[PDB]
Amino acid sequence: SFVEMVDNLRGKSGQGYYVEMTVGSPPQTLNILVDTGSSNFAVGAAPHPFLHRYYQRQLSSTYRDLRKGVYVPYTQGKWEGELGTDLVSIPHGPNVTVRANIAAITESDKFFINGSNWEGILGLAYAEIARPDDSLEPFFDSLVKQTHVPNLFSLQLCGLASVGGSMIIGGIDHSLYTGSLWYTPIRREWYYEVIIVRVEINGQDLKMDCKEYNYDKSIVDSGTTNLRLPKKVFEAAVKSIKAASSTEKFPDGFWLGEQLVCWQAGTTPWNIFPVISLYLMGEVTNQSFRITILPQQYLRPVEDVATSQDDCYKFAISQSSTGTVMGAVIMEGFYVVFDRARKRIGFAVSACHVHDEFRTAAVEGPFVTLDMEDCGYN
Ligand SMILES: C[C@@]1(c2nc(NC(=O)c3ncc(C(F)(F)F)cc3Cl)ccc2F)CO[C@@](C)(C(F)(F)F)C(N)=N1
């Protein structure tokens, strides 16, 4: 039941949200990062200083070796391993056991994070971006094929350092959001690719050709902390946020995410910072809806006992050369429905949210733009 799935996610702020899973027979319990930005189920399978436990294939009678290596290098770090299949279950997910592909990580460099409490990654995106290639069926594809679970999942990421949330597999739990769910089409089934049609900072349009917001794609990624923007959009956004917050001046390093800004505990001047709205393409021509975030979402607290006389924050909007990434900055405080069956992503205000007494994060619409331009970059 969905009620049994509520609060099945845990994590440390900015370290990743994870769900408990079991692999093998007899079952081995592991904490697994929920990642909508990748498509491999990859688990630590050898000792590592940052791993409390790991997958021991020799203890699983149901393990099957696929006799195929896999090497996956990312911008920061890389993982090498071996492919196989085994029985997998989600103790606080659907009441089912399925056979799924598993990449057993045997060597890695700067992939596992100290103190993150996760031992692998559940890539929830599509086969097109699976490694080594699209013939390696992702976990959610196997789950849907082998069971009667509907082809949809939803995430309620709720932003001390400990975080929580819910991953609801096979449905939408109405207790997790308020107001209406607004849907944007999935443009291509690879990443969860979407289209942004307008960006406003404190109600002021950035006034760019909308293709700039999607250069070269825009994705929804629970495996990325920041709201990451293409260079041109990022520079305009920083200029606009600086203009709104000009009563206080911060080091250049802050706007580049290289330095923290600190205030005496409880004194953060939230009202000098603007709201940011991303307008997403609707399901109907030239209609859109907006997602509006507050500074409590894009100025992320950095927990550190040593600086705890203050509240210290990192600016969580950053530049990208690979397109827009709607990471946790966007997802936390919203209930996000990955409706794979209908090729669409829904957004609603979450039951767990940031609102202070002046402003509230929102999901609202509809908005019309009679300008007929397609905002898709490719
Ligand atoms: C597979 C890959 C990947 N992701 C992570 N993620 C995290 O550790 C992480 N996750 C969520 C959050 C929070 F919840 F706070 F947002 C904070 C963190 Cl710090 C770690 C290793 C790794 F290889 C590739 O890199 C990206 C980012 C890719 F570049 F592909 F986008 C991705 N999506 N998945």
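In the PDB header, X-ray crystallography is given as the technique by which the entry was determined, and 1.3500 Å as its resolution.

A.B. asks: How should I be thinking about the UniProt feature "disulfide bond" in the chain in this particular structure?
C.D. replies: A separation of 2.0 Å between the sulfurs of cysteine 158 and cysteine 352 falls under 2.5 Å, matching the UniProt disulfide annotation for this pair. The pair formed by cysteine 158 and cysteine 352 is uniform in burial state, with each residue classed as buried. In textbook terms, a disulfide joins two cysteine sulfur atoms at less than 2.5 Å, and UniProt's bridge between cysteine 262 and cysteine 312 fits this description with an S to S distance of 2.1 Å. Residue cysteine 262 is located in strand 17 (residues 261-264), and its partner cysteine 312 is located in strand 21 (residues 310-315); the two are separated by 50 residues in the primary sequence.

A.B. asks: Quick question: what am I supposed to make of the sheet that holds strand 20 (residues 299-301) here?
C.D. replies: Strand pairing in a sheet relies on backbone hydrogen bonds. The paired strands run either parallel or antiparallel. Pairing is antiparallel across the open sheet formed by 3 strands, whose spatial order is 17-21-20. Where the open sheet ends on each side, the last strands, each with one partner, are strand 17 and strand 20. Strand-to-strand twist across the sheet, computed as the mean angle between neighbouring axes with direction ignored, equals 35°. For strand 17 and strand 21, the ladder comprises 4 bridges, and the chain directions are antiparallel. By the bridge assignment, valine 261 is partnered in strand 21 with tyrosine 313.

A.B. asks: When you look at the site of the ligand in this model, what are you seeing that I'm missing?
C.D. replies: In the neighbourhood of the ligand, 19 residues make up the surrounding shell, with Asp35, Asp221, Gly223, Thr224 and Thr225 lying closest. Interatomic distance of 2.7 Å between a side-chain N/O atom of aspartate 35 and a nitrogen atom of the ligand. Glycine 223 places a main-chain nitrogen or oxygen 3.0 Å from a nitrogen atom of the ligand. Taken by itself the ligand offers 660 Å² of open surface, and the protein chains cover 80% of this. Where the shell around the ligand is concerned, the elements lending two or more residues are strand 2 (16-23) and strand 3 (28-35). For the shell around the ligand, a count of residues per class yields 8 nonpolar, 9 polar and 2 charged.

A.B. asks: Please clarify how the sheet that holds strand 23 (residues 324-326) should be interpreted in this entry.
C.D. replies: One open sheet accounts for 5 strands, arranged 12-15-23-16-22; its pairing is mixed. The open sheet terminates on both sides in strands that have one partner only, identified here as strand 12 (193-194) and strand 22 (317-320). Judged from the 2 bridges that link them, strand 16 (residues 227-230) and strand 23 form a sheet pairing that is antiparallel. Paired with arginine 228 across the strands is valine 325, a residue of strand 23. In this fold helix 3 (residues 231-244) packs onto strand 16 and strand 22, with an angle of close to 115° to the strand it touches most, strand 16.

A.B. asks: What is the right way to read the domain arrangement of the chain from this model?
C.D. replies: By convention, interface size is frequently given as the accessible area that disappears when the constituent parts associate. Assigned domains of the chain: these are domain 1 (17-149) and domain 2 (150-378). Between the C-alpha centres of domain 1 and domain 2 there is a distance of 28 Å. With 19 residues of domain 1 in contact, the opposing surface of domain 2 contributes 25 residues. For the pair domain 1 and domain 2, the summed buried surface comes to about 2000 Å²; carbon and sulfur atoms form 64% of the total. Contact with domain 2 buries surface across domain 1, with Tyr17, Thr36 and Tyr126 losing the most and accounting together for 41% of the total. The tally of links from domain 1 across to domain 2 stands at 2 salt bridges. Where domain 1 touches domain 2, the interface holds 13 residue pairs in polar contact. The element contributing the most residues to the side of domain 1 that touches domain 2 is helix 2 (residues 139-146), with 4 residues.

A.B. asks: Teacher, can you tell me more about the pattern of salt bridges here?
C.D. replies: Between side chains of opposite charge, a pair can form when the charged atoms approach closely. A full pass over the atoms with the stated rule returns 15 salt bridges. Across the salt bridge formed by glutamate 235 and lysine 231, the nearest N and O atoms sit 2.8 Å from each other. Here the residue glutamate 235 and the residue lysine 231 both occupy positions in helix 3, the gap between them amounting to 4 residues, near one helical turn. For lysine 231, a relative accessible area of 44% puts it in the partly exposed group. Here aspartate 339 and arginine 344 are joined by a salt bridge, their closest N and O atoms 2.9 Å apart. Like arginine 344, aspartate 339 is buried. Here the residues in one salt-bridge network are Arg198, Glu200, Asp205, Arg290 and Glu364, joined through shared partners.

About the cut-offs
Residues numbered from 1 in each chain as written, not as in the entry; some residues may be left out. Heavy atoms only, no water. Disulfide = S-S within 2.5 Å. UniProt positions renumbered as here; feature names shortened; annotations may be inferred. Buried < 20%, exposed > 50% of the residue type's maximum accessible area, 1.4 Å probe, protein only. Helix = DSSP H or I, 4+ residues; strand = E, 2+ residues; numbered from the N terminus. Pairing = 2+ DSSP bridges. Axes fitted to C-alpha atoms, helices over the stretch in contact; angles between N-to-C directions. Near = heavy atom within 4 Å. Polar contact = N/O pair within 3.5 Å; in protein donor to acceptor, adjacent residues only side chain to side chain. Areas by Shrake-Rupley, 256 points an atom, 1.4 Å probe, with all protein chains shown as cover. Nonpolar A, V, L, I, M, F, W, Y, C, P; charged D, E, K, R; others polar. Contact = heavy atoms within 4.5 Å. Domains from an automatic or database assignment. Buried area = accessible area lost by both parts, 1.4 Å probe. Salt bridge = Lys/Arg side-chain N within 4 Å of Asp/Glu carboxyl O.

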